[PDB]
Structure formats: C-alpha cells, structure tokens
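Trainee: Handing you this structure, nothing more for now.
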Amino acid sequence: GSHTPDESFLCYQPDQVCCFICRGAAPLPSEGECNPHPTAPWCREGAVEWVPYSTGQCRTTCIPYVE
C-alpha cells in the first residue's frame, strides 16, 4: 500500500496475548486471532523490541494472559 511505516497487531490466544509492531510484515497467528492497534503500553512495559520476522523486520514482545 504505497509502503507504510511500522504497525502493531494485538494477537489473541486461548491463554496468551502478543503485542507486535512489525516493519514490513504481519501478525503470524497460531491458535487464535488478532486486531489492529498502533502500539502497546504493556509491550514496552515488559519487553523492548524485535526485528527478526520471516517476511520482514518487526519490533515488540509476547506474553501469557494476566495470570
């Protein structure tokens, strides 16, 4: 789409939650779905960044539910 900057997707799993801001890629699903979301206050609140994504470079982290 005329090239777009970084973007984050909040994925959902039967018992997990992932926050990722890619850089030329998309949200890789595994056992649930995902939604559109610029970034995440918790992503930075616990991780930091990323980069290694099959189709592109990303930046963010992953973690279980609230438990």
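For the structure tokens, the naming scheme is as follows: chains receive sequential letters (A, B, ...) according to their order of presentation, residues are indexed from 1 within each chain, and ligands are indexed from 1 in presentation order.
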Could you please write out, as a PyMOL selection string, every residue of chain A that DSSP assigns to strand (DSSP E)?

Mentor: chain A and resi 7-13+16-23+33-36+57-64

Trainee: As an NGL selection string, please: the residues near residue 35 in chain A (cut-off 8 Å, only C-alpha atoms, same-chain neighbours under 3 positions excluded).

Mentor: :A and (9-11)

Trainee: Can those selected residues be exported to a file as a PDB file, in the first residue's frame so that it contains N, CA, C and O atoms?

Mentor:
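Done, and the output landed in selection-v3.pdb:
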ATOM      1  N   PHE A   9       0.035  -5.225  15.893  1.00  0.00           N
ATOM      2  CA  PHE A   9      -1.182  -6.014  15.939  1.00  0.00           C
ATOM      3  C   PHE A   9      -1.249  -6.764  17.265  1.00  0.00           C
ATOM      4  O   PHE A   9      -0.276  -7.407  17.677  1.00  0.00           O
ATOM      5  N   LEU A  10      -2.393  -6.670  17.929  1.00  0.00           N
ATOM      6  CA  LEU A  10      -2.592  -7.344  19.207  1.00  0.00           C
ATOM      7  C   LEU A  10      -3.249  -8.695  18.968  1.00  0.00           C
ATOM      8  O   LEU A  10      -4.445  -8.774  18.687  1.00  0.00           O
ATOM      9  N   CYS A  11      -2.455  -9.754  19.054  1.00  0.00           N
ATOM     10  CA  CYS A  11      -2.967 -11.103  18.816  1.00  0.00           C
ATOM     11  C   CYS A  11      -3.533 -11.729  20.086  1.00  0.00           C
ATOM     12  O   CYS A  11      -3.142 -11.379  21.200  1.00  0.00           O
TER      13      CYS A  11
END

Trainee: Return the single residue from A:24, A:38, A:46, A:32 that is closest to residue 12 in chain A, with distances computed using only C-alpha atoms.

Mentor: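 The closest residue to residue 12 in chain A is A:32.
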
Trainee: May I ask which of the residues A:27, A:14, A:1, A:36 is the closest one to residue 58 in chain A, counting only C-alpha atoms?

Mentor: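 Using only C-alpha atoms, residue 58 in chain A sits closest to A:27.
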
Trainee: Go through A:42, A:64, A:56, A:49 one by one, measure the shortest atom-to-atom distance of each to residue 23 in chain A using only C-alpha atoms, and give the residue with the smallest value.

Mentor: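 Of all the options, A:56 lies closest to residue 23 in chain A.
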
Trainee: Hey, can you check how far CA of residue 26 in chain A sits from CA of residue 8 in chain A?

Mentor: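 For CA of residue 26 in chain A relative to CA of residue 8 in chain A, the distance reads 8.5 Å.
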
Trainee: Name the residues of chain A that fall into helix (DSSP H, G or I) according to DSSP on the backbone, using the chain letters and numbers of this document, as a list in words.

Mentor: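 After running DSSP on the backbone, chain A has helix (DSSP H, G or I) at residues 41, 42, 43, 44, 45 and 46 of chain A.
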
Trainee: My list of candidates is A:28, A:5, A:13, A:22. Which is closest to residue 60 in chain A when distances are computed with only C-alpha atoms?

Mentor: A:22

Trainee: Taking into account only C-alpha atoms, which residue in the set A:17, A:30, A:40, A:25 is nearest to residue 4 in chain A?

Mentor: A:25

Trainee: So, with only C-alpha atoms as the atoms that count, which of A:45, A:2, A:61, A:53 lies closest to residue 18 in chain A?

Mentor: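 Ranked by minimum distance to residue 18 in chain A, first place goes to A:61.
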
Trainee: Quick one: distance from CA of residue 3 in chain A to CA of residue 47 in chain A in Å, one decimal?

Mentor: 26.8 Å

Trainee: In Å to one decimal, how far is CA of residue 21 in chain A from CA of residue 59 in chain A?

Mentor: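 Going from CA of residue 59 in chain A over to CA of residue 21 in chain A, I get 5.0 Å.
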